[PDB]
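Written below as structure tokens is the structure these notes are about.
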Amino acid sequence: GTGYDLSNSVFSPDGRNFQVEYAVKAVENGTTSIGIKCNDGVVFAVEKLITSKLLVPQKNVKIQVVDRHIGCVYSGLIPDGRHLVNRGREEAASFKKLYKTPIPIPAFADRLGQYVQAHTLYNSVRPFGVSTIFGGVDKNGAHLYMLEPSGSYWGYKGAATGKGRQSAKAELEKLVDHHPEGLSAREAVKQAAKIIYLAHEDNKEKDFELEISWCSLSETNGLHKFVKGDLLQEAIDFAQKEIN
Amino acid sequence: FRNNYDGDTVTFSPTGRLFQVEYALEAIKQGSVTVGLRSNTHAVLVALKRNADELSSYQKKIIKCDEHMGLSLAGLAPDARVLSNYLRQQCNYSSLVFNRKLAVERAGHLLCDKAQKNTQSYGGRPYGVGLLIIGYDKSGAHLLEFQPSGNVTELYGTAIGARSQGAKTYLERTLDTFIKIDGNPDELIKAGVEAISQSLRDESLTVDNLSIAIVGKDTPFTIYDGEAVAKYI
Amino acid sequence: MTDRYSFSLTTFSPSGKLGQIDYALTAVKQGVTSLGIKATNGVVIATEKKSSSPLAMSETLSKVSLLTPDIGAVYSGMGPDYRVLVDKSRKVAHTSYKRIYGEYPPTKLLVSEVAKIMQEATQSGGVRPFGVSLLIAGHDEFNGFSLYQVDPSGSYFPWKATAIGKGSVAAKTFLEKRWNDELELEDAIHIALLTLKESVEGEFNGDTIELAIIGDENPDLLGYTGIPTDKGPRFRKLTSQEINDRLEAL
Amino acid sequence: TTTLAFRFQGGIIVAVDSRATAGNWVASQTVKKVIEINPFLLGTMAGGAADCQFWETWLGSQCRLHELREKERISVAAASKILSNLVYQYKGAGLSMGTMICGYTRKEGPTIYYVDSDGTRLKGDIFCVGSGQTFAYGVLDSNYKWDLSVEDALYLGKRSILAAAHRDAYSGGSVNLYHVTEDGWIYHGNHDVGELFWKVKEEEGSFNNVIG
Amino acid sequence: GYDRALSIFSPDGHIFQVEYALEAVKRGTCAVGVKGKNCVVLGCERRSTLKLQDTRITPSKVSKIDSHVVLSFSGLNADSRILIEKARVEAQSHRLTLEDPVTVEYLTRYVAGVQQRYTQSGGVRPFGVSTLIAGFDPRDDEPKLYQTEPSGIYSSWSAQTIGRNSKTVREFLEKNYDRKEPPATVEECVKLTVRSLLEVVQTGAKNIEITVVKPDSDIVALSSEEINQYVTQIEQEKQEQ
Amino acid sequence: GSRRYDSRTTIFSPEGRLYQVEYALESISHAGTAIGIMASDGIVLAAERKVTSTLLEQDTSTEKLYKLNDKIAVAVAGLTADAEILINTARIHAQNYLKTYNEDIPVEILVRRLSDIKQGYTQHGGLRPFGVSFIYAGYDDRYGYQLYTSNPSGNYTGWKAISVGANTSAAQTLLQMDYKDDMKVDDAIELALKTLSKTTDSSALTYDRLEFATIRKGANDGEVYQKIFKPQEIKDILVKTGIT
Amino acid sequence: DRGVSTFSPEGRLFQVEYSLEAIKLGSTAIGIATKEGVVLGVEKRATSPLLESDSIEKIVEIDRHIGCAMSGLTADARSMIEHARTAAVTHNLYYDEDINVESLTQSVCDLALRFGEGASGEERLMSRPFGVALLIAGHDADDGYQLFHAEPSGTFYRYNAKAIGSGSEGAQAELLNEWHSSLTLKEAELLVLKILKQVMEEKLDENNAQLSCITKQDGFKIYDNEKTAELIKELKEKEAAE
Amino acid sequence: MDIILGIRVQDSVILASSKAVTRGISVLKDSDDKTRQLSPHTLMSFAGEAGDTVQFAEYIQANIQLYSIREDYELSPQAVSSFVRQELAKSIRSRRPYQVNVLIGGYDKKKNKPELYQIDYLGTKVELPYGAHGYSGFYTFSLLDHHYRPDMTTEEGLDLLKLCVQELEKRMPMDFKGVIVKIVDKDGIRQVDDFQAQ
Ligand SMILES: */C1=C\C(=O)NCCCC[C@H](NC(=O)[C@@H](NC(=O)N[C@H](C(=O)O)C(C)C)C(C)C)C(=O)N[C@H]1C(C)C
């Protein structure tokens, strides 16, 4: 029959979970955001649409940090995004408290992964309306990760999600090809600003605000930090220049 | 279509929408207009109080949460009481435990997370009220716009409620002007009354009809009603 | 989260039927045949090991199970449901009897216990009945040997012999013809193998058939000596080789 | 502390002292050991201050609620059982209160109930409770008659507390009188033991031992 | 675990589950109560869909909550038990804590509350029962008669009836009972009740049971004969005309 | 959520009826007939075994007559499984009454408890009622021989003669036609069998399709006795009453 | 079905709205406040002549300075009244003072939205909203005489005069004209007694109508029949007077 | 302790109980009735801890009356006592046990015989011709052990009690202020108001 899309834990006859699929819709509809894994860290950037001149500039920050070494950015239902990060924070804290060592990016990934997958198991809950790009540096290098409402996630060299997800994925792939030896944290910040500016064409209607953050072993001592001031403008420029 | 995906908040529509949440957002539009705007020294709230008969009172739209924070509501009164009351506790807890004033930005993050919880669990319902929180903290004056969806945003000014679009455009225009109204509360207030009259239609703001609130540098959040607002009409 | 299914999933229809229990029985009908025969000095139960792939090893799966050392069970219906039912039936035997009286429960009661479990899956909130019917056979000092059939409804009854599953009607008829109140265990075993052959399409041997008995005490199967009153289990599953030998005298 | 309540023809007489201590240290001579539960109910207070004062005030609230509910003045016997039962819920916990619940309902007439943190609830005509009870009993017992003028009963009471205040180190301060009639209780002033003693001595000629 | 809101509001502002509860009452046997000048009487009809019962044991229609108070009902029996129990238990609790038996009005207000509660509590359906509670307040002689319904509402009546054909008998009573001069006698009071039941009982000597309550816990239920007699004397009243 | 699959087994019909109780009864109407007759010197319980076979081990069977106490027993009609669940709690209740008062539980008291348990599944819980109806046959020193009946609704009543299960209407008419207050156990025993005989949906009323029980006070003793006839005992009484 | 706490696409709560309907069907209740006191009046509405009209209680006392009138499903009012009484008495126990009439009202209003089948915000156990509205009248030293309207919505207003129940919309219209800042208590009494007579299907008499009031001096009192009757008689004469 | 005596004669059970209520140094009351009627033909006398004493008695009463109404029947004395024992027996292993001892005297309307039950806070129950709780036992059991006969009339029984009360006043330390006597029989429970000089 039909109606296999009214409850969250139901399998359609072809083996799907429409509710989860409908969630992905809420995501694709959201702003665009990316992650670039450089050779000793990860860079995060996001598209911040300026709905009006009323929004205090530089104020409604999107990228979130978990603990001190992990960075999170997501596209879709922001509130769901935060909800997830809160859980990640508790999740990371619980971990450190028992094992002392700050939670390894991979372990954290599956920590968020199992939680999210958990919301595709019961009809009493709604799946997450967000895709999340997150990562950081740990005992063995840097890691970039993307998590889907389905709970699925994998390690990426580059990742993008949202409205301009394709333009991005397009650009990210170009990078991967023209840099087999790796990209530097400094360079990834620039390239990210560009890739965000390009992906902004599928929303060229409203003006936006760029927001980059990175976690580099050599640049930030393995700590997640927001790219501000000079280095920021410098990237905004490197992008503004190549958009013409 | 929509009829099969709006029976509760734990259901997504084939397009990624959460109707029950949207229906809640509607209750706000059906609500009486209220305006918020701030300079660098003060933040202000102006709200239109709506009454039932002419034998009834006008319902309060502004609520104080602390000596440095407060807000205006549009929508389900009860829900504002619940949310404001919860925002009072948070300010309270911030003091009692850290001897620290709860930053406006954080109060917002708190509201957002509280709201969000009523939009992913069976049995719960979203809050049918919009809020405009103003406050003065360690980083200055602030204005927040709270939506039942959970979306909280910091702006220089804004409005919500029926015909709110009027005032909002007016502020969006007056921006560069009121944002510089420092060291002068009365000026920031008049700019606030103007923005709000931009959403009038039915009548004109009277003394037992207008409601104003202000917080700032050396100004504890204080609400003005009746005779007190007379000097602005 | 939280099982919000605090209401019955099995209810009365205007006709007075209990849907799920009926459907559950239908599920039993579809399952492989299995039967039980009570002789004057033992009981036998058997079914067919319907290997669901030539690559799968049918030994690593028993349709015939020991509940206590003097009670065995066999089913027809949904294998997985039976599995958990066995574990439950083995535990309940301890928790509600051996731990209180220091002796294994008598057949009727253990059966009574399992029945209750199923009965509950017919009324409890948020669950479906068990898709299996059981044939339990055992022996106890004050009741001798006995054979019982337990249904997804939670009902059970004693039998001199009977069968359930696929060709039950056929086999049930064949048993009414061959059973008498003077059968020795070996007799029933024979009749069992015959009654089984009918429901068997392809191969019929000790590797495709699974049969056990509840006869005399096997002290050789006790594992230890030195205690007069402990004589060994009456339950014993036949070996593949033991089955084939009998099949020649078929 | 000394508190006493007795029933007689004119109704009920209630008198108490007003001294509060913490060991040998006199904390106060101005305590109100009589709690006016309501225009018709009185509660004496002996034992732990807080314990009596708190729980008796609470009793007032329960009595008020009972009348809102039943649209009728609560009975003395019921009021006394409420305290009684509440107190028993805390048996063994350490509450310390010996109290009297006195009232006048058209149904029961003059009534007095003795209630202590032990769970003991008793109805009677005379009750003396407190570290000075025996002294009060001494005087009272030997001069009580159901036929006392509301004036003489008032005196006998005032005098019974005077005795206790004198002999007992833990009693004193001042006397507080109350007269219980169906129309309710009528306060009868605060009499400072300081000045009351002498006056009584002279006028009555008793306390002949003391020198003055 | 189960807390489904079964009694909710519908567009027209009704709570159908409570309304349907009433329908269950309408289908129940008839029960009537009339207060005299010094007594109250309760009468109830006995169904006849099957007759071969053992009237000795079979639960009767009028129950004693306490020695001075009784309660009769119309509706689902299974449900009446639950109410009668709670009432009886509260009857003792009130004595134990207030050292005084419950007033007829109070016991009523309690029962009504239970019912009301069941109309706005999760996972439960309202009581398909309506009650008649009568007796005499402690140390009082003015008879009491109250009635409650699934909605949780209650009130006092000089006389009243509930159940099937209660419409009919109520009429009978509305034009046969004068508040000015209430049945000044236990006898003339029971007669008025038997009369009122006959309007619907359709000759049922063994189908009509009467219970008389007087001040100071004087409760008694008449036998078939005492009743049969009343029916007798009444049938003549008709013929003698 | 879950509300989507909730049958709401405990609600009223617009007519003020209880759906499930009604339907449950509907189910019971198809169950083997059980009859209870009460004579001056004893009570009789006769029931018809639903579904039987040549192979059915009849000596070891019981599907309708259950012993609850030493002076109380019941005849069932409906889901045996359900019946048991209730019978066991009944057996316990009897014992507790004994343990508390050191006296045998009064028949009606046991019957009221059982009925109350049923009534419950009728007013709250969201579960289905028990598809059972009981004919209680017992004796105590307060009301002597008693006969009661209870069903899914939770209501119970007393009888001189009564039946439950299938063709009750037919049986009730036959009983109502030949019952007399001054009957004797033997008489009742006959009337019982005669009735079944005339209502049986089967060919002939043979012993292998019956369950019989009598509560008599064996004069040569002074105590009451419960006798649940064995296959042969039924086969005999069956020939005697002239049904061979 | 559909959640008991579901939103309509218009931004309203179904159950709450439907709740308001059941109330329109309720008995008429009117309240008028004057600088001399507040008057509360209600329609008994006996569903039969055998029903002892005085056992009809639709005007109750919350405290000595706070009373109220109810309309709609009145059985629902019991738990609210109990709550109100307790809150008022408790406040007195905790603060040694009377509770403000507004807070008393605000307190009642807080129970209102406490319903659902699992609403994420606390433990709201009550399957449906209340099917009754309340007119809370009283006095305190902070805002003098006050009249409040509390609906199952969870909100409440303060009226100089307000009428709820079947005859409301019309009666309220009447009050819109009749009421003025200088009415006397006596005036408000007849006015209530008048508007009641208009909207009542029944011929208003001292047995199907009931008056009461709250004055700083004597508190909440319910006019005994005799007192009401005379007031009625008085009303008739002044009416027939022109 | 207080004085709780019970003696079962031919057709009735007589219960005697001290009227004194002493708290520490002062005797607060001299007319205390340490008894509760459980039903028209069952009377229970009690003595023990200050609060527990009545709390337990009333509780038992409530429950017995509730059973009376529910069953419109009066439980036999034997049954009533079994209920009581159970209750105490539970109590003893609870968080805070009832420290009460009781005598239960009733007339079994069915057997038509009077009965006396003695039960202590431990739930120890025994049926006796005569019994007492506390110290009284030490002075009275020998008296009764001596002057007791099963066929004694109610009057003889009273005299026998009179004998016990005297010994108790003679040899006991405490002033128990006399006793209140009550008789339970076929016609119910009644109090011998003239024993202060009978
Ligand atoms: C009556 C005297 C009496 O009956 N007994 C003598 C005992 C003194 C009790 C009481 N004194 C007080 O209540 C003290 N405060 C405390 O005792 N506080 C205690 C503490 O701090 O350890 C706590 C644990 C209760 C005074 C300072 C309030 C007393 O004076 N009783 C009088 C009468 C009732 C006022």
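Here the protein sequences line up with chains F, E, A, K, C, B, D and J, keeping their order.
Residue numbers 5 to 180, 18A to 18F, 184 to 199, 201 to 206, 20B to 20C, 207 to 218, 21A to 21C, 219 to 241, in the authors' numbering, belong to the letters of the first sequence in order.
Residue numbers 4 to 60, 63 to 180, 18A to 18F, 183 to 204, 206 to 207, 2B to 2E, 210 to 233, in the authors' numbering, belong to the letters of the second sequence in order.
Residue numbers 4 to 102, 10A, 103 to 147, 14A, 148 to 200, 202 to 209, 20A, 210 to 217, 21A to 21B, 21D to 21P, 218 to 236, in the authors' numbering, belong to the letters of the third sequence in order.
Residue numbers 1 to 105, 10A to 10B, 106 to 181, 183 to 211, in the authors' numbering, belong to the letters of the fourth sequence in order.
Residue numbers 7 to 62, 62A, 63 to 143, 14A, 144, 14B, 145 to 180, 18A to 18D, 182 to 203, 206 to 243, in the authors' numbering, belong to the letters of the fifth sequence in order.
Residue numbers 4 to 63, 63A, 64 to 144, 14A, 145 to 200, 202 to 204, 20A to 20B, 205 to 216, 21A to 21B, 217 to 218, 21C to 21D, 219, 21E, 220 to 239, in the authors' numbering, belong to the letters of the sixth sequence in order.
Residue numbers 9 to 123, 12A to 12G, 125 to 144, 14A, 145 to 180, 18C to 18E, 184 to 202, 205 to 209, 20A to 20B, 210 to 233, 235 to 244, in the authors' numbering, belong to the letters of the seventh sequence in order.
Residue numbers -1, 1 to 90, 90A to 90B, 91 to 105, 10A to 10C, 106 to 181, 183 to 193, in the authors' numbering, belong to the letters of the eighth sequence in order.
Ideal Cβ positions, reconstructed from N, Cα and C, are used throughout, including at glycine.
> Name the DSSP beta bridge partners of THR136 of chain F, please?
Replying inline: Taking the first residue of the first sequence as 1, we reach residue 136 of chain F at position 132. Within the DSSP bridge table, the entry for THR136 of chain F names F:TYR78 and F:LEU151 as partners.
> Cβ of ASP18 of chain F less than 9 angstroms from any chain E Cβ?
Replying inline: Sequence index remark: in the first sequence, residue 18 of chain F carries index 14 (1-based). So, not an interface residue.
> Just to check, is the beta-carbon of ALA230 of chain E closer than 8 angstroms to a non-hydrogen atom of ligand 1?
Replying inline: Within the second sequence, residue 230 of chain E is the residue found at index 230, counting from 1. Outside the cutoff, so no.
> The alpha helix (DSSP H) spanning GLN173 of chain D covers which residue range?
Replying inline: On the seventh sequence, position 172 is the one that residue 173 of chain D refers to. Segment 169 to 179, the alpha helix (DSSP H) holding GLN173 of chain D.
> Just to confirm, does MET45 of chain K get its C-beta within under 8 angstroms of one of the non-hydrogen atoms of ligand 2?
Replying inline: Ligand 2 is not part of the structure shown, which contains ligand 1 as its ligands.
> Is the distance from the Cβ of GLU177 of chain C to the Cβ of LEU58 of chain D below 9 angstroms?
Replying inline: If you number the fifth sequence from 1, residue 177 of chain C lands on position 174. If you number the seventh sequence from 1, residue 58 of chain D lands on position 50. Yes, they are a contact pair.
> With 9 angstroms set as the bound, which would you pick, yes or no: does the beta-carbon of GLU177 of chain C sit closer than that to a beta-carbon of chain D?
Replying inline: Sequence index remark: in the fifth sequence, residue 177 of chain C carries index 174 (1-based). Yes - at least one Cβ of chain D is within 9 angstroms of the one on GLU177 of chain C.
> Any idea if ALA50 of chain K is buried or exposed, counting beta-carbon neighbours within 10 angstroms, 16 or more meaning buried?
Replying inline: Taking the first residue of the fourth sequence as position 1, residue 50 of chain K is located at position 50. Exposed, by the Cβ-count rule.
> Can you tell me the Cα-Cα spacing of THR55 of chain C and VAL165 of chain B, whole angstroms?
Replying inline: By one-based count along the fifth sequence, residue 55 of chain C stands at place 49. By one-based count along the sixth sequence, residue 165 of chain B stands at place 164. Roughly 15 angstroms between the two C-alpha positions.
> From the DSSP output, which residues share a beta bridge with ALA162 of chain D?
Replying inline: The sequence position of residue 162 of chain D within the seventh sequence is 161, counting from 1. Note: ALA162 of chain D sits in a beta bridge opposite D:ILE40.
> Is the beta carbon of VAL38 of chain E less than 9 angstroms from the beta carbon of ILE197 of chain E?
Replying inline: For the purposes of this step, residue 38 of chain E is taken as residue 35 along the second sequence, with counting starting at 1. For the purposes of this step, residue 197 of chain E is taken as residue 196 along the second sequence, with counting starting at 1. Yes, they are a contact pair.
> With a CB to CB cut of under 8 angstroms and the five nearest residues on each side skipped, what residues in its chain are close to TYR26 of chain F?
Replying inline: Sequence index remark: in the first sequence, residue 26 of chain F carries index 22 (1-based). These residues qualify, in order along the chain: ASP9.
> When burial is assigned at 16 or more other CB atoms within 10 Å of the CB, is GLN23 of chain F buried or exposed?
Replying inline: Counting from 1 along the first sequence, the entry for residue 23 of chain F is found at position 19. By the 10 Å Cβ count, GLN23 of chain F comes out buried.
> Which residues in the same chain as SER90 of chain J place their Cβ atom closer than 6 angstroms to its Cβ, once the five residues preceding and following it in sequence are excluded?
Replying inline: Numbered from its first residue, the eighth sequence carries residue 90 of chain J at position 91. Excluding sequence neighbours, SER90 of chain J sits near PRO94 and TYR95.
>> Could you compute how far the alpha carbon of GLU21A of chain A sits from the alpha carbon of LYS21P of chain A?
In response: Against the third sequence, residue 21A of chain A aligns to sequence position 217. Against the third sequence, residue 21P of chain A aligns to sequence position 231. Answer to the nearest angstrom: the Cα atoms are 6 angstroms apart.
>> Short of 8 angstroms Cβ to Cβ, which residues in the region 116 to 144 of chain E face chain B?
In response: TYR127 and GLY128
>> Which same chain residues end up closer than 6 angstroms to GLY85 of chain F when comparing Cβ atoms and leaving out the 5 residues on each side of it in sequence?
In response: Locating residue 85 of chain F in the first sequence gives position 81, where the first residue counts as 1. Excluding positions up to five away in sequence, the list reads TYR78 and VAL134.
> Does the Cβ of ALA20 of chain K lie closer than 8 angstroms to at least one heavy atom of ligand 1?
Replying inline: By 1-based counting over the fourth sequence, the position of residue 20 of chain K is 20. It does: the Cβ of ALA20 of chain K is within 8 angstroms (strictly closer) of some heavy atom of ligand 1.
> How should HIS45 of chain E be labelled, buried or exposed, when 16 other C-beta atoms within 10 angstroms of its C-beta is the threshold for buried?
Replying inline: Translated into positions along the second sequence, residue 45 of chain E becomes position 42. By the neighbour-count rule (16 or more Cβ atoms within 10 Å), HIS45 of chain E is buried.
> Helix or strand or just coil, what does DSSP make of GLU21A of chain F?
Replying inline: Locating residue 21A of chain F in the first sequence gives position 219, counting from the first residue. Here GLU21A of chain F carries a coil assignment [DSSP, helix/strand/coil].
> If we call anything under 9 angstroms between Cβ atoms a contact, is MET(-1) of chain J one with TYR129 of chain J?
Replying inline: Taking the first residue of the eighth sequence as 1, we reach residue -1 of chain J at position 1. Taking the first residue of the eighth sequence as 1, we reach residue 129 of chain J at position 135. For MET(-1) of chain J and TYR129 of chain J, yes; Cβs fall inside 9 angstroms.
> Closest Cβ-Cβ distance between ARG165 of chain J and chain K: below 9 angstroms?
Replying inline: Here residue 165 of chain J corresponds to residue number 171 of the eighth sequence, with the count starting at 1. Taking Cβ atoms only, chain K never reaches closer than 9 angstroms to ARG165 of chain J, which makes this a no.
> Name the DSSP beta bridge partners of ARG22 of chain J, please?
Replying inline: In the eighth sequence, residue 22 of chain J corresponds to position 23, counting from 1. Within the DSSP secondary-structure output, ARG22 of chain J pairs in a beta bridge with J:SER25.
> So does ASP51 of chain K have its beta carbon nearer than 8 angstroms to some heavy atom of ligand 1?
Replying inline: In the fourth sequence, counting from the first residue as 1, residue 51 of chain K sits at position 51. Yes, since a heavy atom of ligand 1 falls inside the 8 angstroms radius drawn around the Cβ of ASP51 of chain K.
> How big is the Cα-Cα spacing for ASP84 of chain C and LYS65 of chain E?
Replying inline: For the purposes of this step, residue 84 of chain C is identified with residue 79 of the fifth sequence, where counting begins at 1. For the purposes of this step, residue 65 of chain E is identified with residue 60 of the second sequence, where counting begins at 1. About 48 angstroms.
>> Please list, in chain order, the chain J residues whose beta carbon lies closer than 8 angstroms to that of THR102 of chain B.
In response: Numbered from 1 along the sixth sequence, position 100 holds the residue referred to as residue 102 of chain B. The contacting residues are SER81, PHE82 and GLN85.
>> Residues in the same chain with beta-carbon distance under 8 angstroms from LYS52 of chain D, minus the five sequence neighbours each way, listed in chain order, please.
In response: Looking up residue 52 of chain D in the seventh sequence gives position 44. For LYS52 of chain D, where only same-chain residues beyond five positions count, the Cβ hits under 8 angstroms are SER35, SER61, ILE64, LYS66, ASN20A, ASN20B, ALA210 and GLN211.
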